[PDB]
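Report on one structure; see the data block that follows.
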Amino acid sequence: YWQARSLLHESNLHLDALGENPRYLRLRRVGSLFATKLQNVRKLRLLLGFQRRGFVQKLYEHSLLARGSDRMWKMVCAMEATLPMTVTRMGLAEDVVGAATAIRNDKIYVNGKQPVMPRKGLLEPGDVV
RNA sequence: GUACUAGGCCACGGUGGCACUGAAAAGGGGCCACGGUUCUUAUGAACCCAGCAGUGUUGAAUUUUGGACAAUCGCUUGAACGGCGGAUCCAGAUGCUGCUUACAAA
């Protein structure tokens with residue numbers, strides 16, 4: 001009941017009403033700003049620490065061209081098929097950036113010796129790491 | 001609705017006219033006239049990069065006077081992995097891109 005909210009219900013964790021019984025007037029309502037989209041792209045790149053445009057753009061078109069069920073459990077599946085997120089799922093680093101340095105050493109051993117594609121992934125199902 | 005990719009077909013080879021041969025006609029085949037470029041002791045001859053590189057003007061801007069027949073593919077030759085091809089294949093300079101890139105050591 002409390003948990004498992006809607007996957008796009010992130011407007012309940014930004015500003016709320018009828019749960020704050022004080023300050024009846026002067027309540028901040030959200031304006032028409034696209035800066036939350038730009039900072040959400042910042043939340044996307046900060047989960048990779050990578051240069052802003054090219055990687056998230058290339059993963060965006062790959063996420064469109066892979067399958068067409070939806071864009072929410074599958075676009076983050078395109079995020080999750082990437083190798084630095086995959087290493088963070090294994091737990092070989094404190095965070096994504098340290099894992100990126102570890103793969104920058106080529107300490108990693110994806111599919112035998114090394115990933116053939118270091119910056120882009122993409123780990124298909126059936127690929128050892 | 002509008003600049004390219006590669007490739008289909010046509011047209012043209014400084015300009016214009018025409019012919020041989022060939023089954024079919026001419027981009028480094030033949031003849032004449034033009035317009036250029038050089039030289040003559042001036043009488044006349046030689047040549048025509050919209051082939052490759054390269055030069056010069058203009059341009060905001062335009063590449064190396066590279067290697068090679070080995071791969072094709074073509075032409076040719078009955079030896080000979082033969083001969084040739086600025087087609088091509090490989091390298092350069094140069095926009096776009098996809099893709100890596102810390103060294104040490106087995």
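Simple scheme: letters A, B, ... for chains in structure tokens order, numbers from 1 for residues in each chain, numbers from 1 for ligands in the order shown.
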
_Tell me as JSON, numbers by chain which residues belonging to chain A come within 10 Å of chain B, counting only C-alpha atoms (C1' of nucleotides)._
{"A": [104, 105, 116, 117, 118, 119]}

Serialized selection, N, CA, C and O atoms, as a short mmCIF file (atom, residue, chain, number, x, y, z; two decimals), in the first residue's frame:
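Written file, out15.cif:
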data_model
loop_
_atom_site.label_atom_id
_atom_site.label_comp_id
_atom_site.auth_asym_id
_atom_site.auth_seq_id
_atom_site.Cartn_x
_atom_site.Cartn_y
_atom_site.Cartn_z
N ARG A 104 38.79 1.32 -17.05
CA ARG A 104 39.81 2.14 -17.76
C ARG A 104 41.18 1.46 -17.61
O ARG A 104 42.06 1.64 -18.47
N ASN A 105 41.39 0.73 -16.52
CA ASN A 105 42.63 -0.08 -16.41
C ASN A 105 42.52 -1.28 -17.35
O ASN A 105 43.60 -1.73 -17.82
N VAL A 116 34.97 -6.28 -26.28
CA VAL A 116 35.43 -5.77 -27.60
C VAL A 116 35.07 -4.29 -27.70
O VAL A 116 35.80 -3.52 -28.37
N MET A 117 33.95 -3.91 -27.07
CA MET A 117 33.48 -2.50 -27.08
C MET A 117 33.61 -1.98 -25.65
O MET A 117 32.86 -2.40 -24.77
N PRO A 118 34.67 -1.24 -25.32
CA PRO A 118 34.77 -0.65 -23.98
C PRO A 118 33.78 0.43 -23.51
O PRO A 118 33.22 0.24 -22.45
N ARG A 119 33.55 1.50 -24.27
CA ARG A 119 32.67 2.57 -23.72
C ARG A 119 31.21 2.16 -23.81
O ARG A 119 30.54 2.07 -22.77
#

Pick out each residue of segment 6-114 of chain A that DSSP on the backbone tags as alpha helix (DSSP H); I need them as a PDB file with C-alpha atoms, in the first residue's frame.
ATOM      1  CA  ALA A  35      14.831  22.592 -16.068  1.00  0.00           C
ATOM      2  CA  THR A  36      13.647  19.469 -14.221  1.00  0.00           C
ATOM      3  CA  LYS A  37      14.091  17.609 -17.537  1.00  0.00           C
ATOM      4  CA  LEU A  38      17.657  18.990 -17.892  1.00  0.00           C
ATOM      5  CA  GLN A  39      18.497  18.107 -14.278  1.00  0.00           C
ATOM      6  CA  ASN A  40      16.913  14.661 -14.838  1.00  0.00           C
ATOM      7  CA  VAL A  41      19.335  14.206 -17.766  1.00  0.00           C
ATOM      8  CA  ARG A  42      21.958  15.327 -15.200  1.00  0.00           C
ATOM      9  CA  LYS A  43      20.667  12.529 -12.928  1.00  0.00           C
ATOM     10  CA  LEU A  44      21.088  10.207 -15.940  1.00  0.00           C
ATOM     11  CA  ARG A  45      24.718  11.148 -16.716  1.00  0.00           C
ATOM     12  CA  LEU A  46      25.795  11.373 -13.040  1.00  0.00           C
ATOM     13  CA  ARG A  52      26.986  14.438 -21.396  1.00  0.00           C
ATOM     14  CA  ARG A  53      25.745  14.189 -24.959  1.00  0.00           C
ATOM     15  CA  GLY A  54      27.044  11.317 -27.055  1.00  0.00           C
ATOM     16  CA  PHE A  55      26.677   8.339 -24.746  1.00  0.00           C
ATOM     17  CA  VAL A  56      23.172   9.071 -23.462  1.00  0.00           C
ATOM     18  CA  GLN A  57      22.117  10.023 -27.010  1.00  0.00           C
ATOM     19  CA  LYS A  58      23.508   6.766 -28.517  1.00  0.00           C
ATOM     20  CA  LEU A  59      21.887   4.747 -25.721  1.00  0.00           C
ATOM     21  CA  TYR A  60      18.626   6.644 -26.375  1.00  0.00           C
ATOM     22  CA  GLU A  61      18.474   5.572 -30.063  1.00  0.00           C
ATOM     23  CA  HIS A  62      19.588   2.022 -29.143  1.00  0.00           C
ATOM     24  CA  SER A  63      16.762   1.970 -26.557  1.00  0.00           C
ATOM     25  CA  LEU A  64      14.290   2.944 -29.273  1.00  0.00           C
ATOM     26  CA  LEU A  65      15.598   0.399 -31.784  1.00  0.00           C
ATOM     27  CA  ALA A  66      15.930  -2.611 -29.444  1.00  0.00           C
ATOM     28  CA  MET A  75      14.976   2.274 -21.371  1.00  0.00           C
ATOM     29  CA  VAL A  76      16.487   1.649 -17.933  1.00  0.00           C
ATOM     30  CA  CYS A  77      17.090  -1.892 -19.240  1.00  0.00           C
ATOM     31  CA  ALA A  78      19.252  -0.153 -21.866  1.00  0.00           C
ATOM     32  CA  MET A  79      20.875   1.671 -18.910  1.00  0.00           C
ATOM     33  CA  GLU A  80      21.261  -1.695 -17.061  1.00  0.00           C
ATOM     34  CA  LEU A  83      28.966  -2.442 -18.508  1.00  0.00           C
ATOM     35  CA  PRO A  84      29.624   0.239 -15.748  1.00  0.00           C
ATOM     36  CA  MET A  85      26.080  -0.237 -14.410  1.00  0.00           C
ATOM     37  CA  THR A  86      26.683  -4.005 -14.744  1.00  0.00           C
ATOM     38  CA  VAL A  87      29.873  -3.760 -12.614  1.00  0.00           C
ATOM     39  CA  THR A  88      27.964  -1.670 -10.052  1.00  0.00           C
ATOM     40  CA  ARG A  89      25.393  -4.513  -9.955  1.00  0.00           C
ATOM     41  CA  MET A  90      28.258  -6.962  -9.286  1.00  0.00           C
ATOM     42  CA  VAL A  96      30.083   3.947 -10.926  1.00  0.00           C
ATOM     43  CA  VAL A  97      33.084   6.304 -11.370  1.00  0.00           C
ATOM     44  CA  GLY A  98      35.521   3.953  -9.590  1.00  0.00           C
ATOM     45  CA  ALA A  99      34.179   1.074 -11.707  1.00  0.00           C
ATOM     46  CA  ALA A 100      34.805   3.232 -14.815  1.00  0.00           C
ATOM     47  CA  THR A 101      38.417   3.716 -13.648  1.00  0.00           C
ATOM     48  CA  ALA A 102      38.724  -0.076 -13.057  1.00  0.00           C
ATOM     49  CA  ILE A 103      37.508  -0.719 -16.631  1.00  0.00           C
ATOM     50  CA  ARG A 104      39.806   2.139 -17.764  1.00  0.00           C
TER      51      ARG A 104
END

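When only C-alpha atoms (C1' of nucleotides) are used to measure the gap to residue 91 of chain B, the shortest distance among B:78, B:66, B:56, B:13 belongs to B:66.
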